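Everything below concerns the one structure shown next.
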Amino acid sequence: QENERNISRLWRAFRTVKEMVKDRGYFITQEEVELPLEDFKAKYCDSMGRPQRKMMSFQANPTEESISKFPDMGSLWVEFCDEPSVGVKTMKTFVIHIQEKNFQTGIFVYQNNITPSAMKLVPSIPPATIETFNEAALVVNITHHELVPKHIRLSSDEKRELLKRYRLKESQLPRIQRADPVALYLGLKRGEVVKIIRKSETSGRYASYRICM
Amino acid sequence: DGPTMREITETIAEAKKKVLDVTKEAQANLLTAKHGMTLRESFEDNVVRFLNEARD
Amino acid sequence: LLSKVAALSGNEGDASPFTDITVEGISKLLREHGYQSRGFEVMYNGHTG
Amino acid sequence: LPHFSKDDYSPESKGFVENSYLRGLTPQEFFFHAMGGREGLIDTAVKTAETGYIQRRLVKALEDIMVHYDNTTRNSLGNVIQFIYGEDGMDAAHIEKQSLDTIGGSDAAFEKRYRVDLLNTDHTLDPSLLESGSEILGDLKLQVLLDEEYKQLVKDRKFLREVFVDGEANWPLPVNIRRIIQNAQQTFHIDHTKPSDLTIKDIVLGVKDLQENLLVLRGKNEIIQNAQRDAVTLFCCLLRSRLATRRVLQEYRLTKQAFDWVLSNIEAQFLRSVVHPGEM
Amino acid sequence: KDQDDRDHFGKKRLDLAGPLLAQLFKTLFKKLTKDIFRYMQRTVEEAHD
Amino acid sequence: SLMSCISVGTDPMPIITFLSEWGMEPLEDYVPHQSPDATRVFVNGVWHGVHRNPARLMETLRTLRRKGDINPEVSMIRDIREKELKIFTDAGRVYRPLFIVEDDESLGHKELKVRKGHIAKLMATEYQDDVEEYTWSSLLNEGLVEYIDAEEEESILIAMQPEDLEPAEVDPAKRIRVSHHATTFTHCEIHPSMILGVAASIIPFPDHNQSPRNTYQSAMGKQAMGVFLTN
Amino acid sequence: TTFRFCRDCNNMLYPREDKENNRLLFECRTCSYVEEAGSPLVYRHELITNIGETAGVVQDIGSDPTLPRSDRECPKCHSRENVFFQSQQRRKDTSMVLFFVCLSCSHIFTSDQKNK
Amino acid sequence: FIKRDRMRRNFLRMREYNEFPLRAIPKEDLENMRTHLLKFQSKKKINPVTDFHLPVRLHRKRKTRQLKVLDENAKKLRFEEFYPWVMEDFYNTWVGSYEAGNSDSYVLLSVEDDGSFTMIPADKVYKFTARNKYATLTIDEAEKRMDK
Amino acid sequence: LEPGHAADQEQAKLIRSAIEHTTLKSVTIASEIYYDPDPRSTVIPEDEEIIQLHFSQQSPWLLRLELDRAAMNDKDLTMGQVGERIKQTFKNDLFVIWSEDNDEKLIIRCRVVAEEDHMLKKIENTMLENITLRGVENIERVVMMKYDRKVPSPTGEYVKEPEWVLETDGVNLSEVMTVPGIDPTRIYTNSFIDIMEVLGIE
Ligand SMILES: [Zn+2]
Ligand SMILES: [Zn+2]
């Protein structure tokens, strides 16, 4: 019943997560993404059958090519949360633990909602950041949708080349907003340029450039 | 030409006849409306359908 | 057309909107005066005759 | 109308008009038809009055945007809107519908058209097509070229499938090719039943070369050349299809001067089809 | 019952010259009357003429 | 429209008075539960009371209008389903004349009250210029023709042509018509063409034109040249 | 639903549970008047409502000239002279089922062959 | 087909019981007294004043030269009589109100011991509330409670 | 719908059943309130069968209501799953009974553990309006449409391939997007504002 269905939703979302994490350039194998629902249920569901999220939380490491292009990029930690509404104390734990392991970024998935205090404490560890996603929001990866053309984040060197070649100021680029689902998805930050390849019905391949607000 | 005229005439008349039958049916509550469409909606919809078909 | 008849017969026509006057009725009247019953008429070009 | 008893849904009552204008209308018909006409005059006045006030907004918003020499389409502030006008850089005046031959057709008929294999007996050219076809037969250097070419076309079909989902084979593109061929044929009196003097290395290297002389963005660097390619991508895919070796020799029977002059013109008109910077 | 129709013509009254001149002439004659009264106050309170 | 006219209105008092004498119960005695079926009675939106026999009442009134006792302009209505009888002596209503059809006859079915005798009695007047000058006022006092507003137009039923649609029962050229099946016609239209205004009246055969070409003609006909006045 | 009124207060009676006898009464809060209930029923909403369809039938309805006439015979008196009209309730989903009204016995009988 | 105007030429070429008397009282009595109907809203049908007990009573409960606005005699007199009457024992209380529309035509027929009658014209007509039945006067306090 | 199930009409009907907003008022013919002090025994002679079955301290007031069987059909429902819904709505404060599908008259009765009526009649509204029986909110009148779809053949030319597609009135994109059994990739709405919100700027 409801238990089973909830398991299903949680699984699909979990798939989405790995997908995004690979897209950011962290190493996960195709099969590791493609692990079927039955295997996942056995791996993280208890003998009663209820799933265990605290077992699901896991580390992501950068792919070699990624280290090559973005040397600064560090490893990532992913937590889920079992609490339906996330407590500030749990948030504190996540903050501390990440600072402990010295990851460059962190990701926290919540079930329903989080106390405003916990949200306020999120920007407390520069340069490290905390991306916060809702479980129910991640159920379906958006990028697989037809209307969403492929995105690519860029290296500053590549960027300075872009601006120089078109003779542009950053302001003059078409702008994209941080709250954008895609922006969240790739975990963009301000002044970071993305490339978009949209398939055109006139040119047939049309590049484009945008810059987070 | 006349033979065409009478042919048009009947071609309309039968259309009216169909409409009349739809009327009798729905008056007798024997008509079942298309889902999402109210009964009288489905009625008008049909009647107009027949009519434009006739004119064409 | 109706005018063309009124012209010939010397009786003004009744154009009143809703009546029993019918095109065929006119056509017959006109034919009686010897013109083509639909009002078409043979014309010659002015330049070349 | 007062002339009908209550709850009369017959189409005579609710306004069906049976008589044609030639026969005239009964009065309760006429009145209805006047109601319809009035609706037609009213809405027409509204649409006109409103549509103009849209025309003004669309103008005032878009009035400042022009196409700079760099071919970026960018408004007053210098803000980049499009990195290449219309994404292919082509003036809407010069563009025509054209048939994409690669996108449509069955697997088999497609291969039957574009595939040329000298080693296998199925798809080999008839030698009388071109003067040297006999000695050409079986030669490996050429068969390899044709292999690369054919693979190119196939992978292009894989592409166009991904671009156009429904696979509509007709799209606006510059430079009507069909008319160029026809003009050339009639021009030089291309004579069927006689062998061509075209070599295959002549054909393939002719096309692959001509592709390089189609230019929109003339900048020299990685980024620009990336755009230049992504700009001419589709049009190229059309071109290869129309100039495919089989299609050239079997159908058009072009001679040397014919095929040359065609390559020349295709590029010549092409460059005319690029937008003129300074355009508003 | 249906929502009442605002455009039912039997519920619209037309106003020709008569009703118009009635309205306007009313407010004129009020203004007139009132002015005569003011004049009476001025002459009686001031005892002139 | 040509025959349309605007009501100049009259005084309600004589009507309101007249009602009570014929048995209208004054409002203040009304006990809704005890007299459930009585038709309540409006005059110019003012509700003065009720009446228990609207049928006969409404007959009395209509008879008075047709005698010309009440000014014909007054428009009375009886809504059967609503249990209301409305009256308007008010000014500013619009009304058009019609023939009054009557079932009451020596012979069979219903017929218009106007008959040839009246007609010749009119054209005697017209062609003349014998006595008493039988004219529109006469036609209205004798109850042949009656004025009807849009309100009273609710409760009646109208026939387009007298001799087409009155009697109970085809070349291909003529237009197709409806039937006479309705036996209740209370009123018959004088002539349908009169639904046209002045501008349209000049259009020949406007039935055969698409409507907007009638409109454009209605406007353009106003600016044409032509002799405007003899003087 | 069919609520009564007080005596000499005339006001509507609000239902009062009797906890002593565990039975229902009717109180008038303006006075001491209370009387017994006649049914356990108190409130009925009736979302789907078929009443009002036949509304507006009047003793004089047979005199209405604007109403059409029909030749169908009455099931009771078998008089073929009758007047018909559609459901008086005005709503989108209101069916077009006719209501035939005889001019002899005044009886109301529908045209619906599905449900009667 | 055409319009016929030759109608000048056409019209010229064609043309046990019991009988009890009634009387109008000497007006002196009328001069002394005005007569007024009584009506109750009770719904309690009986309501004879005998039932109403007793003791019965029935009783009603510097500028410079400037402008006055004009008014009628009958209306002014009626308006000046705005203290309505009332009746009690020493408690049941009825409060009346001028009907105002029914003066109209009302003729009184008094049944006297002999079958003959006397007839007096009706002055006014009043409608008596039975007032203060449940006897809660909640006034300003009630409005304040309403402000909840 | 997903490509595998695109041809099936009945799977489609399942999804329509899984989205279109369903309210208790939609299926409710009428409701009525009764005074029945004894919790177990009911004065009503008809319902005594229900008393006999569905049984084998609480409010003296009864709330009772009747459903359209046609509504139970057009919108597929089960008297049980309904009573499930209400039970898991109000939890234990309101006892619940419901009649069988076999019953020619669909009946539902409920009671509760100082002017009780207004509180009960209040709860009646929460029942009709505030209970979403099943499906996604804001959506109405989901229409099955057979749309032809151009799809490559195994032999490579295109083939017109009819498939069942659900048009929809009202828009909530996120949830509908998440519902299992559909194809999240091709989902579409005609209001771009939401496309912007959910799927971003591009
Ligand atoms: Zn009371
Ligand atoms: Zn009968």
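Cβ coordinates were reconstructed from backbone atoms using ideal geometry, including for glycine residues, and neighbour counts include every protein chain displayed. Quick note: the coordinates plus some simple rules give every number you see, no bench work behind them.
Can you name the residue in segment F:116-173 that is among the polar types (S, T, N, Q) and part of a loop (DSSP other than H, G, I, E, B) and, of all such residues, is nearest to the other protein chains (Cβ to nearest Cβ)?
F:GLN161
Residues of segment B:29-39 being surrounded by 17 or more Cβ atoms within 10 Å (Cβ to Cβ) and either away from chain I (no Cβ under 13 Å) or in a helix (DSSP H, G or I) (or both), which ones?
B:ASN29, B:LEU31, B:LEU39
Quick one: is H:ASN102 surrounded by 10 or more Cβ atoms within 10 Å (Cβ to Cβ) and under 30 Å from G:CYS31 (Cβ atoms)?
In short, no.
So which residues in segment A:91-111 are among the aromatic types (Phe, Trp, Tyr) and surrounded by fewer than 22 Cβ atoms within 10 Å (Cβ to Cβ)? Can you show your working first?
Filtering segment A:91-111 down to residues among the aromatic types (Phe, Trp, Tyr) leaves A:94, A:103, A:108, A:110.
Answer for segment A:91-111, where residues must be among the aromatic types (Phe, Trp, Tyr) and surrounded by fewer than 22 Cβ atoms within 10 Å (Cβ to Cβ): just A:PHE103.
Residues of segment A:20-55 being of a type outside the set (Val, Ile, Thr), assigned to a helix (DSSP H, G or I) and buried (at least 17 other Cβ atoms within 10 Å of the Cβ), which ones? Let's see the steps before the verdict.
Of segment A:20-55, the ones of a type outside the set (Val, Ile, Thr) are A:20, A:22-27, A:30-32, A:34-55.
Adding the requirement that they be assigned to a helix (DSSP H, G or I) leaves A:20, A:22-23, A:30-32, A:34, A:37-44.
Listed by number, the residues that qualify are A:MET20, A:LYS22, A:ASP23, A:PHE40, A:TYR44.
Determine, yes or no, whether G:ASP71 is exposed (fewer than 14 other Cβ atoms within 10 Å of the Cβ) and either within 12 Å of chain F (Cβ to nearest Cβ) or within 16 Å of ligand 2 (Cβ to nearest atom) (or both). Break it down stepwise before answering.
On the way: exposed (fewer than 14 other Cβ atoms within 10 Å of the Cβ): yes; either within 12 Å of chain F (Cβ to nearest Cβ) or within 16 Å of ligand 2 (Cβ to nearest atom) (or both): yes.
It is true that G:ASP71 is exposed (fewer than 14 other Cβ atoms within 10 Å of the Cβ) and either within 12 Å of chain F (Cβ to nearest Cβ) or within 16 Å of ligand 2 (Cβ to nearest atom) (or both).
For every residue, the table says whether it meets (1) surrounded by fewer than 16 Cβ atoms within 10 Å (Cβ to Cβ); (2) within 14 Å of chain E (Cβ to nearest Cβ); (3) among the hydrophobic types (A, V, I, L, M, F, W, C).
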| position | (1), (2), (3) |
| --- | --- |
| F:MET13 | yes, no, yes |
| F:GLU25 | no, no, no |
| F:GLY49 | no, no, no |
| F:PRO72 | no, no, no |
| F:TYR95 | no, yes, no |
| F:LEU98 | no, no, yes |
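Identify the single condition in (1) more than 16 Å from ligand 2 (Cβ to nearest atom); (2) at the interface with another protein chain (Cβ under 10 Å from one of its Cβ atoms) that G:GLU36 does not satisfy, given that it satisfies every other one.
Exception for G:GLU36: condition (2).
How many of the residues in segment G:27-43 are out of contact with any strand residue (DSSP E or B) (no Cβ under 8 Å at 6 or more places or on another chain) and within 19 Å of I:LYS121 (Cα to Cα)?
Of the residues in segment G:27-43, 1 are out of contact with any strand residue (DSSP E or B) (no Cβ under 8 Å at 6 or more places or on another chain) and within 19 Å of I:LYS121 (Cα to Cα).
Would you check which residues across segment G:85-94 are surrounded by fewer than 19 Cβ atoms within 10 Å (Cβ to Cβ) and in contact with a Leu (Cβ under 7 Å, 6 or more places away or on another chain) and list them?
Listed by number, the residues that qualify are G:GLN86, G:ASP93.
Being over 20 Å from the mean Cα position of the chain (by Cα) and within 16 Å of ligand 2 (Cβ to nearest atom) is the filter here; which residues of segment G:77-116 pass it?
G:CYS77, G:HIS78, G:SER79, G:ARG80, G:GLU81, G:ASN82, G:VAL83, G:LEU103, G:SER104
Can you find a residue that is surrounded by 17 or more Cβ atoms within 10 Å (Cβ to Cβ), of a type in the set (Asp, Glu) and touching a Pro at 6+ places or on another chain (Cβ under 6 Å) anywhere in segment F:152-164?
Yes - at least one qualifying residue is present in segment F:152-164.
For segment H:6-38, give me each residue that is within 14 Å of chain C (Cβ to nearest Cβ) and aliphatic (A, V, I, L, M).
H:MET7
Can you name the number of the only condition in (1) facing another protein chain (nearest Cβ under 10 Å); (2) touching a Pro at 6+ places or on another chain (Cβ under 8 Å); (3) away from ligand 2 (no atom under 16 Å from the Cβ) that G:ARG44 fails?
(2)
Of the conditions (1) crowded, with 19+ Cβ neighbours inside 10 Å; (2) of a type in the set (D, E, K, R); (3) in a helix (DSSP H, G or I), I:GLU84 clears all except one; give me its number.
Only one criterion in (1) crowded, with 19+ Cβ neighbours inside 10 Å; (2) of a type in the set (D, E, K, R); (3) in a helix (DSSP H, G or I) is unmet by I:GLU84, namely (1).
Determine, yes or no, whether H:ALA130 is within 14 Å of chain G (Cβ to nearest Cβ) and either within 16 Å of ligand 2 (Cβ to nearest atom) or part of a strand (DSSP E or B) (or both).
In short, yes.
Could you list, in sequence order, all residues of segment I:20-66 that are hydroxyl-bearing (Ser, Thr, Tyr) and under 21 Å from the mean Cα position of the chain (by Cα)?
The answer is I:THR22, I:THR23, I:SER26, I:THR28, I:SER31.
Under 6 Å between Cβ atoms, at least 6 apart or on separate chains: pull out the pairs that start in segment F:1-14 with a residue that is assigned to a strand (DSSP E or B) and end on any residue that is acidic (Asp, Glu).
none
Please find, among H:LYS61, H:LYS3, H:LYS45, the residue that is more than 14 Å from chain C (Cβ to nearest Cβ) and either surrounded by 10 or more Cβ atoms within 10 Å (Cβ to Cβ) or over 20 Å from the mean Cα position of the chain (by Cα) (or both).
Just a single option satisfies the conditions, and that option is H:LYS45.
Go through segment A:117-148 residue by residue and tally those that are within 13 Å of chain I (Cβ to nearest Cβ) and surrounded by 17 or more Cβ atoms within 10 Å (Cβ to Cβ).
10
Name the residue, out of G:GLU81, G:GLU27, G:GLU17, that is away from ligand 1 (no atom under 13 Å from the Cβ) and either in contact with a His (Cβ under 9 Å, 6 or more places away or on another chain) or more than 10 Å from every other protein chain (Cβ to nearest Cβ) (or both).
Unique residue meeting the criteria: G:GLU81.
This table checks each residue for (1) under 24 Å from D:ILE180 (Cα atoms); (2) not small (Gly, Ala, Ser).
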site: D:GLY89; (1), (2): yes, no
site: D:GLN98; (1), (2): yes, yes
site: D:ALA108; (1), (2): no, no
site: D:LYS112; (1), (2): no, yes
site: D:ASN120; (1), (2): no, yes
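Give the residues of segment G:48-66 that are more than 16 Å from ligand 2 (Cβ to nearest atom) and either part of a strand (DSSP E or B) or among the aliphatic types (A, V, I, L, M) (or both), sorted by residue number.
G:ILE48, G:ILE51, G:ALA55, G:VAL58
Specify the residue that is nearest to ligand 1 (Cβ to nearest atom); the eligible residues are those in segment G:100-115 that are within 11 Å of another protein chain (Cβ to nearest Cβ) and surrounded by 15 or more Cβ atoms within 10 Å (Cβ to Cβ).
Looking only at segment G:100-115, we keep the residues that are within 11 Å of another protein chain (Cβ to nearest Cβ), and these are G:100, G:110-115.
Now restrict to residues that are surrounded by 15 or more Cβ atoms within 10 Å (Cβ to Cβ): G:100, G:110-112.
Details: G:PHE100: 46, G:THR110: 43, G:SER111: 48, G:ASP112: 46 Å.
Here the answer is G:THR110.
Give G:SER63, G:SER87 a once-over and let me know the one that is more than 16 Å from ligand 1 (Cβ to nearest atom) and touching a helix residue (DSSP H, G or I) at 6+ places or on another chain (Cβ under 8 Å).
Going through G:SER63, G:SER87 in turn, just one is more than 16 Å from ligand 1 (Cβ to nearest atom) and touching a helix residue (DSSP H, G or I) at 6+ places or on another chain (Cβ under 8 Å): G:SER63.
Restricting attention to segment A:155-182, report how many residues are facing another protein chain (nearest Cβ under 7 Å) and either of a type in the set (A, V, I, L, M) or in contact with a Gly (Cβ under 6 Å, 6 or more places away or on another chain) (or both).
Going through segment A:155-182 one residue at a time, the tally reaches 8.
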